[PDB]
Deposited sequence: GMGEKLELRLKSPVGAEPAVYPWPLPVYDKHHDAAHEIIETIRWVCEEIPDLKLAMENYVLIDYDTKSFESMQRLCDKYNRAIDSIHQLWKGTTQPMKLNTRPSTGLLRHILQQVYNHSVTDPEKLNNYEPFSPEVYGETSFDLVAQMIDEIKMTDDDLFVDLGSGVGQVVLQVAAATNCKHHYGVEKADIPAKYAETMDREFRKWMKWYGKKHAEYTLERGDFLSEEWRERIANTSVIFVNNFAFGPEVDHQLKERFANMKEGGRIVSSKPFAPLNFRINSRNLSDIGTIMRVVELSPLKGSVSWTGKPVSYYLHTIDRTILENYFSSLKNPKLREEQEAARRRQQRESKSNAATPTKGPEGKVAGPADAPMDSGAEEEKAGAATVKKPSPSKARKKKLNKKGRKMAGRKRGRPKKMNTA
């Protein structure tokens, strides 16, 4: 059995690839994953980049040559580290660039038949759609979580939002919960592959768990109440599900935040006597800045919304009713 092997820069088990190298979709294949993996390890380690500084992706010999060259360079670096040279700092977070490649790699090794994710009932709250790496990167940059925070993706799909946030932030725990069998099944493999690849690159992530469950269940009422940052792609959920979610958000703590693809209260909410029980009485809503040149299917640019629990809105309304 012909095989390509890439040694780990930190001495984990080598990544092994069968030949012929498989294709993942029209734009991704294992041959270019190998090449980009070498490239990224070269970014992690300058001396390796230096040692690397005629790739026919369809020729075995030629790809084996690339692999052996990387593998020989990894051995020499490992020897440098037994000398006076300081070994790669371990347990750091991956850069944004590396993380994107890791998630791509993890997805392609896990989501073995992507078409199966489109076998949901259409026009139902089970409609599946993936939030892009770039949006999640923006949210990470703009929300700024600390180790006091708990992060939950409600309806986590195959789990890639949770993996990215877990790789990038120091929340005490990250959760995803997903109800449908197909994506939750894939989420099990995403999880294993993410832990494997992260050890392989020698990078740390914060604690996370991917769960099969229904986030409208009784168990999930208290969990939502105690969550400080909720991510929820509720674009296709519909009004009954969003209403139920509103009822659960009303128990969140001051300063709790929800990032969503459809707003849970209007942006122009003015508290008055008719709307006293509406969820807009206890939260600020703002529209996150669109990322430059990102059109949605509607033609307008992709739109996400940040909600912050803030009951001073309601307290101020009540004091107002005492003072003309």
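Engineer: What residue ranges of the deposited sequence are absent from the coordinates?
Structural biologist: Those parts of the chain that were deposited but carry no coordinates are 1 to 4, 58 to 62, 334 to 421.
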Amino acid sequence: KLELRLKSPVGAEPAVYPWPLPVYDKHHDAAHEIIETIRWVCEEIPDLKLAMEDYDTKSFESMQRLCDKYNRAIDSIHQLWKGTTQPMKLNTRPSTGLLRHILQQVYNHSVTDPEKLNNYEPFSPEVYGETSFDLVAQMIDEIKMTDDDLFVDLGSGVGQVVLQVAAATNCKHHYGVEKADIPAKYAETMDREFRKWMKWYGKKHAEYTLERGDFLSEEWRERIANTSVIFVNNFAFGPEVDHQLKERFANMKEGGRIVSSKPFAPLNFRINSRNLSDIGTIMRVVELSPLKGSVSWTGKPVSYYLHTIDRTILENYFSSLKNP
From here on, numbers count along this sequence of modelled residues.
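By rigid core we mean the largest C-alpha set that fits within 1.5 Å across both forms.
Engineer: After fitting on the rigid core, which stretch moves more in 9 other deposited structures of this protein, 197 to 205 or 235 to 243, going by C-alpha RMS?
Structural biologist: Comparing 197 to 205 with 235 to 243, the larger C-alpha deviation in 9 other deposited structures of this protein belongs to 235 to 243.
Engineer: State which stretch is farther from the displayed form on average in 9 other deposited structures of this protein, 131 to 139 or 174 to 182, counting RMS CA distance after fitting on the rigid core.
Structural biologist: Most displaced of the pair in 9 other deposited structures of this protein: 131 to 139.
Engineer: Is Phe123 unbuilt in at least a third of the other PDB entries compared?
Structural biologist: Counting only entries that model residues on both sides, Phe123 is unresolved in at least a third of them.
Engineer: Any chance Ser59 is unbuilt in a third or more of the other entries we compared?
Structural biologist: In none of the comparable entries (those modelling both sides of it) is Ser59 left without coordinates.
Engineer: Look over 75 to 83 and 200 to 208 in the entry and identify the one with the greater average Cα temperature factor.
Structural biologist: Higher mean C-alpha B-factor: 75 to 83.
Engineer: If you average the CA temperature factors over each stretch, which comes out higher, 291 to 299 or 252 to 260?
Structural biologist: Comparing averages over the C-alpha atoms only gives 291 to 299.
Engineer: Based on what the PDB entry reports, which of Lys89, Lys185, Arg100, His109 has the top C-alpha B-factor?
Structural biologist: Most elevated C-alpha B-factor of the set, per the entry: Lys89.
Engineer: Check where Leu21 lands among this chain's C-alpha B-factors and tell me if it's the lowest, middle or highest third.
Structural biologist: Middle third - that is where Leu21 ends up once the chain's C-alpha B-factors are sorted.
Engineer: Which third of the chain holds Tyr120 when residues are ordered by C-alpha B factor: lowest, middle or highest?
Structural biologist: Its C-alpha B-factor, which the entry lists for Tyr120, ranks in the highest third among residues of this chain.
Engineer: Among the modelled residues of this chain, does the Cα B factor of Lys58 put it in the lowest, middle or highest third?
Structural biologist: Its C-alpha B-factor belongs to the highest third of this chain's values.
Engineer: Which third of the chain does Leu306 land in by C-alpha B-factor: lowest, middle or highest?
Structural biologist: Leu306: CA B-factor falls in the lowest third of its chain.
Engineer: Is the Cα B-factor recorded for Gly213 in the lowest, middle or highest third of its chain?
Structural biologist: It belongs to the middle third of the chain when residues are ordered by C-alpha B-factor.
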